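Shown next as structure tokens: one chain only, the form deposited in one PDB entry.
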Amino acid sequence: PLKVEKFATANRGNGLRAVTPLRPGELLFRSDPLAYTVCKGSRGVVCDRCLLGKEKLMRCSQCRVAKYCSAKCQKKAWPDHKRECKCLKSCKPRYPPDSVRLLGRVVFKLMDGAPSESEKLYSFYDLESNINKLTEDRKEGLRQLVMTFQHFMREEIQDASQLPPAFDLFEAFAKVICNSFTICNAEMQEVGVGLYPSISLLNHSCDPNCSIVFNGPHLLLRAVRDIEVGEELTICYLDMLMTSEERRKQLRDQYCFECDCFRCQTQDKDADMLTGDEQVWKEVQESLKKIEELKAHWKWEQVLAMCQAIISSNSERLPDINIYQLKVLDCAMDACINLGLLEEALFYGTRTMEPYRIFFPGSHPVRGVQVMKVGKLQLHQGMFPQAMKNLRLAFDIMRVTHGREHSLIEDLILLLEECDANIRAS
């Protein structure tokens, strides 16, 4: 039976609340997307269908835009790719924004597909659009997306009879803005974007009681605190490494609301997050625009070069608890891992451990994965007691945030068994 239910909140629209008492780690809901696509930077790097990486991908012969890890993935993707294929080819040199490709797949799914389990609690039709809070500047952007959609889809959609009844493209893009989910791979790299309308019932908190995690395109929703009957379920929409000012801007611009939580009222952790010399971390924050762009396109050697110029700068440096320094350390660690520079990766990774303990309180999947990566690096460098401690810590977090239904837990159990065997052998 469902442990969760839709309800009408007092001042944040519809929400989701507990039907039964919930414990940390409890699986509350799981969902495939209504529609999803690979994101800009990962196109051609990960499989369109399973969103896993591969050194060589197979391309769709007709459009040569969709790329796949296997014949299986290519063929199972064909029903949901068939109609967009004509459009991606027709516009051969042009590639549409991710949101436009996403909405194309929404339309095809709603027109040609059976009703999706993803809409069990809440449908695309039901989604919040915030249209009466949009600024004129945002409306202008949405009008351009509508015209972009109309151009991209012209081979397949010519009139309203090819859209769902009373479907309004402007309203649909407004819904996409404030209900899109960023799909992350097992290493927490962003790889795609999707709509999960039942999961869109969850309202935001800067200190939430639930968490979502992705296993390929599949989404698991779990409790990460004790929750009482009738209590609202919340997730954090945002990266934890953000000041209250940064959160204010994104929640206004993307979600059209003002956050009243205790953390925003008190600027909780802002001061620690911005320690060090302001001129230095303003330069690092600016450099992170390019670093994060490079990372999104998997350009690890270039990422590492930029990060080393900051971490080992001849000029003034920042404390590791400064969030921009911390982001650079994380990017450098992931770059070193993907480049096989495991000694250097462990150095950066170990430095992030205490800041992550502070900025990801309780059970958060980003910290669980980070601790796992550090433990794995220590295990393969022969540091068995230290690896075991971190792998056990990762398990303590990821049993709650990931659970047995997530394949990464199985990978972690293997590392724990390996590390334990090494300790028993003395």
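Whichever C-alpha set is largest while still superposing within 1.5 Å between the two forms counts as the rigid core. Quick note: we count residues from 1 along the sequence shown, nothing fancier.
**Q** Quick check on the record: does 300-308 or 318-326 carry the larger mean Cα temperature factor?
**A** Between 300-308 and 318-326, it is 300-308 that shows the higher mean C-alpha B-factor.
**Q** Given the B-factors recorded for C-alpha atoms, which segment has the greater mean, 361-369 or 383-391?
**A** So the stretch with the higher mean C-alpha B-factor is 383-391.
**Q** Among 349, 276, 192, 165, which carries the highest Cα B-factor?
**A** Comparing C-alpha B-factors across 349, 276, 192, 165, the maximum falls on 165.
**Q** Using only the C-alpha B-factors in the record, can you name which of 398, 69, 35, 27 has the highest?
**A** Reading the PDB entry, the winner on C-alpha B-factor is 69.
**Q** Comparing residue 343 with the other modelled residues of its chain, is its CA B-factor in the lowest, middle or highest third?
**A** For residue 343, the deposited C-alpha B-factor lands in the highest third.
**Q** Using the temperature factors of the C-alpha atoms in this entry, rank residue 127 within its chain: lowest, middle or highest third.
**A** Tercile = lowest for this residue's CA B-factor.
**Q** Taking the entry's C-alpha B-factors for this chain, is residue 143 in the lowest, middle or highest third?
**A** Lowest third - that is where residue 143 ends up once the chain's C-alpha B-factors are sorted.
**Q** Which third of the chain does residue 74 land in by C-alpha B-factor: lowest, middle or highest?
**A** Ranked within chain, residue 74 CA B lands in the middle tercile.
**Q** What third of its chain, lowest, middle or highest, does the C-alpha temperature factor of residue 81 fall into?
**A** Middle third - that is where residue 81 ends up once the chain's C-alpha B-factors are sorted.
Omitted here: the form deposited in another entry. The next part is about that form.
**Q** Of 269, 105, 317, 218, which is the single residue whose C-alpha shifts by 2 angstroms or more between the shown form and the other one after core superposition?
**A** Single residue meeting the criterion: 317.
**Q** Is there a C-alpha shift of 2 Å or more at residue 407 between the shown form and the other one once the rigid core is superposed?
**A** For residue 407, whose C-alpha is compared between the shown form and the other one after core superposition, the shift is 2 Å or more.
**Q** Hey, does residue 54 budge by 2 Å or more at the Cα between the shown form and the other one once the core is superposed?
**A** Shift of 2 Å or more: yes.
**Q** Residue 113 and residue 149: do their C-alpha atoms lie closer or farther in the other entry than in the form you see, with a change of 3 Å or more?
**A** Compared with this form, residue 113 and residue 149 lie farther apart in the other entry.
**Q** So the Cα-Cα distance between residue 314 and residue 242 shifts by 3 Å or more in the other entry; is it shorter or longer than what we see here?
**A** It is closer: the C-alpha separation of residue 314 and residue 242 falls by at least 3 Å in the other entry.
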